[PDB]
Amino acid sequence: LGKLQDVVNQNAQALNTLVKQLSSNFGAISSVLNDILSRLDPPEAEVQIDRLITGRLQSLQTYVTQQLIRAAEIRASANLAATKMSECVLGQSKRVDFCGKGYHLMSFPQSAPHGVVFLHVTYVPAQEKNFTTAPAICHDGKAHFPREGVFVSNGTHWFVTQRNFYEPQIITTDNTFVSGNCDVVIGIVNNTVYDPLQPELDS
Amino acid sequence: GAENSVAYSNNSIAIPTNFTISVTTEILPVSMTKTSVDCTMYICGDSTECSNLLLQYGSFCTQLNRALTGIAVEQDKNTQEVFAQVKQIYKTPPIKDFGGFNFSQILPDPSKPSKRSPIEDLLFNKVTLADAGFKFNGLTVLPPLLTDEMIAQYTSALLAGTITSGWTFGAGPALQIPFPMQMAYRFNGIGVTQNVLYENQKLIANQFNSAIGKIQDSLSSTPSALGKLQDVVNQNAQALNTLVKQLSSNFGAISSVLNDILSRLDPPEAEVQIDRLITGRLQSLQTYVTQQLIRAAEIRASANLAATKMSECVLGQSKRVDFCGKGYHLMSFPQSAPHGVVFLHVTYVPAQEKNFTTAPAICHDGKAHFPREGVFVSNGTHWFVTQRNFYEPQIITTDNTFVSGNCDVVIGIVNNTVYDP
Amino acid sequence: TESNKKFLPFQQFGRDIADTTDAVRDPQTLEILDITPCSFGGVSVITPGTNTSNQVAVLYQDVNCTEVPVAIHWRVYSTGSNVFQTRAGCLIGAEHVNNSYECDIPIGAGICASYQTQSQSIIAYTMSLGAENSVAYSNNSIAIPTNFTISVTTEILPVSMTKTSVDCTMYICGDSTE
Amino acid sequence: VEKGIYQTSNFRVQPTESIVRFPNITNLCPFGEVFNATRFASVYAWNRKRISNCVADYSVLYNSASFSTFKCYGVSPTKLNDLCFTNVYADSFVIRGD
Ligand SMILES: *[C@@H]1O[C@H](CO)[C@@H](O)[C@H](O)[C@H]1NC(C)=O
Ligand SMILES: *[C@@H]1O[C@H](CO)[C@@H](O)[C@H](O)[C@H]1NC(C)=O
Ligand SMILES: *[C@@H]1O[C@H](CO)[C@@H](O)[C@H](O)[C@H]1NC(C)=O
Ligand SMILES: *[C@@H]1O[C@H](CO)[C@@H](O)[C@H](O)[C@H]1NC(C)=O
Ligand SMILES: *[C@@H]1O[C@H](CO)[C@@H](O)[C@H](O)[C@H]1NC(C)=O
Ligand SMILES: *[C@@H]1O[C@H](CO)[C@@H](O)[C@H](O)[C@H]1NC(C)=O
Ligand SMILES: *[C@@H]1O[C@H](CO)[C@@H](O)[C@H](O)[C@H]1NC(C)=O
Ligand SMILES: *[C@@H]1O[C@H](CO)[C@@H](O)[C@H](O)[C@H]1NC(C)=O
Ligand SMILES: *[C@@H]1O[C@H](CO)[C@@H](O)[C@H](O)[C@H]1NC(C)=O
Ligand SMILES: *[C@@H]1O[C@H](CO)[C@@H](O)[C@H](O)[C@H]1NC(C)=O
Ligand SMILES: *[C@@H]1O[C@H](CO)[C@@H](O)[C@H](O)[C@H]1NC(C)=O
Ligand SMILES: *[C@@H]1O[C@H](CO)[C@@H](O)[C@H](O)[C@H]1NC(C)=O
Ligand SMILES: *[C@@H]1O[C@H](CO)[C@@H](O)[C@H](O)[C@H]1NC(C)=O
Ligand SMILES: *[C@@H]1O[C@H](CO)[C@@H](O)[C@H](O)[C@H]1NC(C)=O
């Protein structure tokens, strides 16, 4: 919880500094107004008090300016928390590395002192295995591209599988679409594409 | 701008026929110089009398140094939020076959002593570090953590994982995939079927190569291209100069040189003179620090956008409009420039338009038909369902259309024959 | 130092931007002298947590290791015996290393320090970007994951800070009429 | 102190020895001669005398405190002996005490 903690220190320290600024002469004979007043008449006390007034006014101005800049910085994070809540918690986000590292699934808010903690739930593939892939498949003078997925072969057969969880499926017409003729695409490979309707007609 | 009009008509559509691949540059600042000032040396210049007098004013000095140190650390945080998003360091394969695409201009050049790319060389020559201005008076410059050769390694790991892995290296274990297959999915990302690429692979590759080539000429011809980074440099250097000149002002004292005041007068009368100089120089330092705080906030707001364009466009394809390139985003590449980053957004743009008459349904035999994915368009004699973003007519059959309701309810429906496979 | 100012017969002193003298002509002999300030620089103490130990190293910012012994901050601090050079400056009390680890205390210019045991000492080395890797690219080779994982990662954000109010008059004057 | 790198202070090398250079002229400035005049000019016509090419012992003049009020508004009397001047002009005349 460093971030939140840091905020608190940044504020507390500032206040402490401001308070200590009340013990500085700034050029006056003393840093205690009562002592100056009780040792000097107004005609000579005005000169001493002017320096203390100028110094403390300058210190207050410094404090307020620093707080304004720091508040702008904090508002820049409030405006991002209010966006994470709108897009991660209240819906699923397609932005990359926004709602967590991986493919976002959901999120949960939790309150913390002067802040909010999200628990981004994400999906991450784990074990990898590689195959040989060909962009098209020439059944008979017709290129075939996978409707949704990618072609891959384990060395003997060709399967069209989704691109994020290995799941081989026999290649048929319903998951492939035709466009053009063979010999126009680099990498097209011969293969047989089953016909779902043909066996029923034969049957 | 140029006057224009659109021939709107409630049964008229326009479907483009060819396209274009355009590479557009975008420059962003990411950090600024890590200057650091020593309050006591600047204000007093190593004099015991002034150093003692400066103690009464309190802890202004320490809280100036704290602010400057905070800015300095923020700069190292900014430089690392952008480039250091990659877990590991990848290496491009020795073989360079990529199906026609030519990355020689962006990938590292082994010949050079440093593994910069040619475009990186042009960018580094255009924005000459310390071109303007950048000092014994307590002002110093600290070096950045990443030595400017680690930045190159990061921008080469990103660029070598993008070529072979794609968007996968940013959301898990990097998975290899041939580049001409990767572009076939970058195309689906924008709503153009994949066959548009493999059938036009050669022309697209040549357009990409020429587009990459023209970037070097565009950068070389105009020196102001990288002005956006150059300005940063000036804004900093300028400021420093002003601060230094502030040491030659009387602020009401008899002289602007502390030694002369000390040697001319005894402490009883020199205190009054020195106090005015102390007040003036303290005010000048406060002005400088406040301006730097505001400027650093601006630079941080820009680094937070550079680190977002890196995540959403280099490590994946972006669906946001006019966020990563003017057109339909395809991919993006990073390059490092002095105190900043330059993206090369690759985008798809339709080119040649032809217009037809369109009707939102087809009353085949008393049942309306709506296209699953496409638009009905006719050249005057036949009706075809065509994908939105690239003219490609296809006979209408039940596979492209789905039925919903009757013909009388809809408006604008038109008769036709829908073939039965 | 001797210089090539080329003063004019009526010219005595040079000047700097900040109105500081930086060239004179010796009154007795008319040779031209150039004045330079004596070496100075910041000193940065690299220290592990005082709880862990009370041994520290010292970095002299952008100063010559041959000149560091001349410097006066104190203690000599084993000058010469343990000296390391870097673009940030001269580092004393740290032991160089050829292995590359992650960064712990970033010294700068690519140099990072740490406090390791081997009984413990401060080691200054070159930080490592990350584990080397390669991808077996091949124009007909793909890799499809077979198993997945669900991971919950935390993310903290500030949302507001304390609401403080300061009464100007009470602070400045402390309830005094004058 | 927590783990980290802290900028404690700044080090400046210290001077080794002090070297002083001064134009040396044998002549000693005739400051006394200015005050030794038997009669001063009239106030409406005050007399101006330029002193140059000599060495002035301001220390002797100050120690020879025969003057009631001797104040300098741009310099301190003690520093005069060390400090050096380019053009010295003495304007002598007579005025009233008030
Ligand atoms: C498949 O991946 C393994 C590591 O999992 C690698 O060694 C091998 O070369 C890869 N094979 C192909 C054909 O790319
Ligand atoms: C590939 O998978 C098919 C699935 O039917 C199987 O019959 C065949 O043995 C597999 N080949 C290899 C080399 O594992
Ligand atoms: C793949 O590269 C090999 C290298 O031998 C080459 O023979 C082959 O034609 C290439 N195939 C494709 C589809 O790019
Ligand atoms: C497929 O087989 C035919 C017949 O032998 C041959 O001409 C062709 O080159 C093979 N490859 C493809 C991609 O069609
Ligand atoms: C299609 O349009 C592009 C872009 O204007 C042009 O370069 C090309 O020659 C045209 N013809 C094609 C792609 O057959
Ligand atoms: C394009 O690719 C060729 C072949 O790899 C290479 O020689 C050339 O340098 C590349 N780029 C340019 C701009 O010539
Ligand atoms: C089609 O576009 C042409 C210009 O390409 C325009 O003159 C014509 O009016 C348009 N037709 C319709 C029906 O919108
Ligand atoms: C429209 O396109 C069809 C495609 O078969 C063609 O037969 C017909 O002649 C075209 N009509 C006109 C008017 O161009
Ligand atoms: C289009 O506008 C014409 C104008 O004559 C009108 O007759 C027709 O009903 C409109 N059709 C549709 C589909 O809105
Ligand atoms: C289609 O033809 C029928 C008669 O066959 C006619 O009544 C109808 O108006 C035509 N088109 C539409 C869109 O209703
Ligand atoms: C010190 O000065 C020498 C030449 O006298 C130079 O070679 C070296 O780089 C400088 N810096 C050091 C030693 O840190
Ligand atoms: C580090 O390697 C250098 C040469 O690259 C060698 O001189 C030195 O002894 C090595 N140091 C250690 C501690 O291995
Ligand atoms: C997938 O991972 C889980 C969790 O480690 C493991 O239990 C399982 O056996 C793995 N293989 C599967 C589910 O096929
Ligand atoms: C100073 O003394 C030197 C002694 O070497 C003498 O030559 C010179 O003339 C003197 N004059 C001045 C103006 O310093």
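Heads up, the Cβs are rebuilt from the backbone with ideal geometry, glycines too, and the neighbour counts pull from every protein chain shown. Here, each number is a calculation from the coordinates, and none is a lab measurement.
Given C-alpha coordinates of the protein assembly as shown, what is the ratio Rg to Rh with the Kirkwood estimate of Rh?
Numbers: Rg = 39.1 Å, Rh = 35.0 Å.
Radius of gyration over Kirkwood radius for the protein assembly as shown works out to 1.12.
Where does each of C:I35, B:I395 land when they are ranked from fewest to most other beta-carbon atoms within 10 angstrom?
Values: C:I35 14, B:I395 11.
So the ranking, lowest neighbour count to highest, is B:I395, C:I35.
Based on the Cβ-Cβ distance of D:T16 and A:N34, what FRET efficiency does E = 1/(1 + (r/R0)^6) give at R0 = 60 Å, to the nearest 0.05?
On the way: r = 51 Å, r/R0 = 0.85.
Efficiency, rounded to the nearest 0.05: 0.75.
For chain B, give me the percentage of DSSP beta bridges that are antiparallel, rounded to the nearest 5 percent. Don't skip to the answer; put the middle values down first.
Working: 36 of 39 bridges.
Beta bridges within chain B, antiparallel portion: roughly 90 percent.
When DSSP assigns beta bridges and you keep just the ones with both residues in chain A, what percent turn out antiparallel, to the nearest 5?
Numbers: 16 of 19 bridges.
Once the DSSP bridges in chain A are tallied, antiparallel ones form about 85 percent.
When you look at the Cβ of every residue in B:285-294, what mean number of other chain Cβ atoms sits within 10 Å? All intermediate terms of the calculation are to be shown ahead of the outcome.
Numbers: counts 0, 4, 0, 0, 2, 4, 0, 0, 5, 3.
Per-residue shielding by partner chains comes out at 2.
What FRET efficiency would be calculated for the residue pair D:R39, B:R276, taking the C-beta separation as r and a Förster radius of 45 Å, to the nearest 0.05?
Details: r = 45 Å, r/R0 = 1.01.
For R0 = 45 Å, the calculated efficiency reads 0.50.
Whole-Hz ³J(HN,Hα) for each residue in segment A:122-129, computed from phi via Karplus 6.51 cos²θ - 1.76 cosθ + 1.60 with θ = phi - 60°, x for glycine and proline: what do you get?
Working through the residues one at a time gives 9, 9, 9, x, 10, 10, 10, 9 Hz.
Cut-off under 18 Å on the C-alpha distance; same-chain residues fewer than 8 positions from D:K49 excluded. Which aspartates and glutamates are left, in chain and number order?
The qualifying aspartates and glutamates are D:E33, D:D57, D:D91.
Between A:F159, A:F131, A:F98, which gets the highest mean-square fluctuation from a Gaussian network model of chain A, Cα cutoff 10 Å?
Taking springs between Cα atoms under 10 Å, the residue moving most is A:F131.
HN-Hα J couplings of segment B:194-208 from phi, Karplus 6.51/-1.76/1.60, θ = phi - 60°, integer Hz, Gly and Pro as x?
Calculated HN-Hα couplings, in order: 6, 4, 4, 7, 3, 6, 10, 5, 5, 4, 5, 4, 5, 4, 4 Hz.
With a 10 Å cut-off between alpha carbons and a GNM built on chain A, which of A:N164, A:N34, A:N25 moves the most?
Ranking A:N164, A:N34, A:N25 by mean-square fluctuation puts A:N34 first.
For D:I5, B:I43, C:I72, B:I212, what ranking results if the residue with the fewest other Cβ atoms within 10 Å of its Cβ goes first? Please list the in-between numbers first.
Numbers: D:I5 16, B:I43 28, C:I72 9, B:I212 21.
Ascending number of Cβ neighbours within 10 Å: C:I72, D:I5, B:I212, B:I43.
Suppose every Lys and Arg Cβ carries +1 and every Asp and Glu Cβ carries -1, with no other charges. What dipole size does segment A:49-203 come out with about its Cα centre, to the nearest 20 debye? Walk me through the intermediate numbers first.
Details: 12 positive and 13 negative charges, 272 e Å.
Dipole magnitude for segment A:49-203 comes out near 1300 debye.
Under a straight-distance cross-link criterion of Cα-Cα below 16 Å, which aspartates and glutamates are reachable from A:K142, leaving out those fewer than 8 residues away in the same chain?
A:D174, A:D183, A:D195, B:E199
Hey, quick one: spin label on A:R75, modelled 7 Å out along Cα-Cβ, who in segment B:276-300 has an amide N within reach, i.e. under 20 Å?
B:290-300
For segment A:146-203 and segment C:43-79, what is the separation of their Cα centres, given in Å?
Each part's Cα centre sits 70 Å from the other's.
With 20 Å as the limit, write out which pairs from B:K34/B:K87; B:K77/D:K3; A:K94/B:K319 have Cα-Cα distances beyond it, or answer none. Walk me through the intermediate numbers first.
Numbers: B:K34/B:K87 27 Å; B:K77/D:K3 18 Å; A:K94/B:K319 9 Å.
Exceeds cut-off: B:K34/B:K87.
Take peptides B:179-191, C:163-175, A:66-78 and line them up by average Cβ neighbours within 10 Å, highest first, as a rough protection proxy.
Details: B:179-191: 18.8, C:163-175: 10.7, A:66-78: 15.0.
By packing density, highest mean first, the sequence is B:179-191, A:66-78, C:163-175.
Across segment B:2-9, in residue order, what do the Karplus-derived ³J(HN,Hα) couplings come to in whole Hz, using 6.51 cos²θ - 1.76 cosθ + 1.60 with θ = phi - 60° and x for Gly and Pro?
5, 4, 7, 8, 10, 6, 5, 6
As a check on your grasp of the helix formula, calculate [θ] at 222 nm for chain B: sum -39500 (n - 2.57) over DSSP H runs of n ≥ 4, divide by the residue count, round to the nearest 500. Mind dumping the intermediate values first?
Values: 11 runs with 165 residues, N = 421.
Rounded to the nearest 500, it is -13000 deg cm²/dmol.
As I understand it, the dipole of the protein assembly as shown uses +1 on the Cβ of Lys and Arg and -1 on the Cβ of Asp and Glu, about the Cα centre. Which of B:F384, C:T36, B:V37 lies farthest toward its positive end?
Value computed over the given set: C:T36.
Straight-line reach from D:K71: which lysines fall under 18 Å, measuring Cα to Cα and dropping same-chain residues less than 8 apart?
Within reach: D:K79.
State the antiparallel share, in %, of DSSP beta bridges confined to the protein assembly as shown, rounding to the nearest 5.
Numbers: 106 of 116 bridges.
Given both bridge residues lie in the protein assembly as shown, the antiparallel proportion sits at roughly 90 percent.
Sort by residue number and report every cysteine in the protein assembly as shown with no other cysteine beta carbon within a distance under 4.7 Å.
Singleton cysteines: C:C38, C:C168, C:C173, D:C72, D:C84.
Please give the calculated 222 nm ellipticity per residue for chain D, where each DSSP H segment of at least 4 residues contributes -39500 (n - 2.57) and the sum is spread over every residue; nearest 500 deg cm²/dmol?
On the way: 3 runs with 15 residues, N = 98.
Here the helix-only value at 222 nm equals -3000 deg cm²/dmol.
What pairs in B:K135/B:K309; A:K84/B:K126; B:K245/C:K5; A:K84/A:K129 have C-alpha atoms more than 28 Å from each other?
On the way: B:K135/B:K309 38 Å; A:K84/B:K126 39 Å; B:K245/C:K5 23 Å; A:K84/A:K129 35 Å.
B:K135/B:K309; A:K84/B:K126; A:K84/A:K129, as the Cα separations exceed 28 Å there.
Within 10 Å of each Cβ of B:144-150, how many other protein chain Cβ atoms are there on average?
Working: counts 3, 10, 5, 7, 2, 1, 5.
Rounded to a whole number, the mean comes out at 5.
Give the average, rounded to an integer, of partner chain Cβ atoms located within 10 angstrom of each Cβ in A:178-191. It would help to have the intermediate numbers written out before the result.
Details: counts 1, 8, 3, 0, 0, 0, 5, 6, 7, 8, 1, 1, 0, 0.
Per-residue shielding by partner chains comes out at 3.
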